[PDB]
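Next up: a single chain in structure tokens, the form deposited in one PDB entry.
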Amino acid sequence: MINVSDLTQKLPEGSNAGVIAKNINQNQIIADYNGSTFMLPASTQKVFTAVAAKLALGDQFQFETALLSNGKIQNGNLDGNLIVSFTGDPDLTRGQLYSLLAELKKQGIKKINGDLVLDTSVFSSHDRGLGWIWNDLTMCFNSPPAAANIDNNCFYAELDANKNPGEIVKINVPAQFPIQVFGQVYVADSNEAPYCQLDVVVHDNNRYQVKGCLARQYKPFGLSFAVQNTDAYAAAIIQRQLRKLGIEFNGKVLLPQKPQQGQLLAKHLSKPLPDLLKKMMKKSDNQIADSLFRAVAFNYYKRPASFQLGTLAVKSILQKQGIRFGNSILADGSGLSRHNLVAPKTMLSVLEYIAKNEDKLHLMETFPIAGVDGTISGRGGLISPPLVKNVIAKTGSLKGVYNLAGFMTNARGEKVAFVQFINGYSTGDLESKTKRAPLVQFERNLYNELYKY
């Protein structure tokens, strides 16, 4: 086999790698180094979710966002409540929601007599996986994969830190967002600037407290945040939109937990599963992953889905196909949880299933392709022949974690499936930028060895 132990001497001191690779045509393992060790899979976890979603939801699945009522329409009034049903569409834009609501206007509703009721009942329990780190929850990449999700549950604030040290940065929220940012951030000089932290503290109803400092910046810039209370944000946007449409509305916002029965007025359907999977896999979309993870359970078990039921469904679906998980921990669909524990050989067994069933599943084309697209379009170890355009791989990147899972063609035209997990990679501080040079050397050498073996 390949001497992976020798290759990991160029990784930073203290890191740990697990690497396993199989030549599919020969059915031969060709590298096997800590392949049974549980490691953090990061976004390579989304491969499990991709396979489960293909199997349990299928290619015609779409997320539905719908308007319902039990009132009768009568001289241009809807004489009852407006129900807006959100089912976790991770690709719903504010424009799509507006076009949905504009269906009421097409139907002659000029006024809604009752309340605005959101039905979010397809998801249950928290909208964050267990073991997610608290301080990342205000980052847009970790926005909640909630039932209501509008423009990726992300917004941004406008900052003007072109000020002298000691002065207050100007931080305004743009008009389109129903958010408050409060608190004060001061500009730090060059001698405190490298120590600066901008802290963000969440309070109720999408109010964000900022504290701390920032180095001067001449130009005004935007900082993105995750929406915290997704039901309040959606209800606020819906009421802004009814006003823009001229539909009179004067009622309360109601947030019941159960499914809300009513007559269907209009519906918007997302792009179908293959499109959602492709974006998930190419771009490493956490929200698409975790939405599918719970939509899989909701459809599979016919009951409201928590992250725990997501775990039970994904394991039950993949087990039925022959995948064995032992005591792996799959706490979410995205890979974000720090409780996740997967060994390289388990991920490889899923990659082998995806290769074997490609004629039906068509998941190979969802993988990022080295030096071409997705999150490896510029990956340093991969951007030269014979790897560029050849290696396809899902990345998993978290603090200290540099993983790849995917396939390549070797010098004989045979397909090799491979899993690379590297954890504990630290070359500087907390909140230092990590030297990627050892990782580029390692990967260039490993995938060249796999190509020629």
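For clarity, a rigid core is taken as the largest C-alpha set superposing within 1.5 Å between two forms. Numbers for residues come from their place in the sequence shown, where the first is 1.
What follows is about the form deposited in another entry, which we do not show.
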Checklist entry - Given a rigid core superposition of the two forms, which one of 108, 222, 378, 326 has its CA shift by 2 angstroms or more between this form and the one not shown? => result 222
Item to check | Exceeds or equals 2 Å, Cα of residue 76 between this form and the one not shown, core fit | outcome: no
Checklist entry - Quick one: core overlaid, is residue 194 moving 2 Å or more at the Cα between this form and the one not shown? => result yes
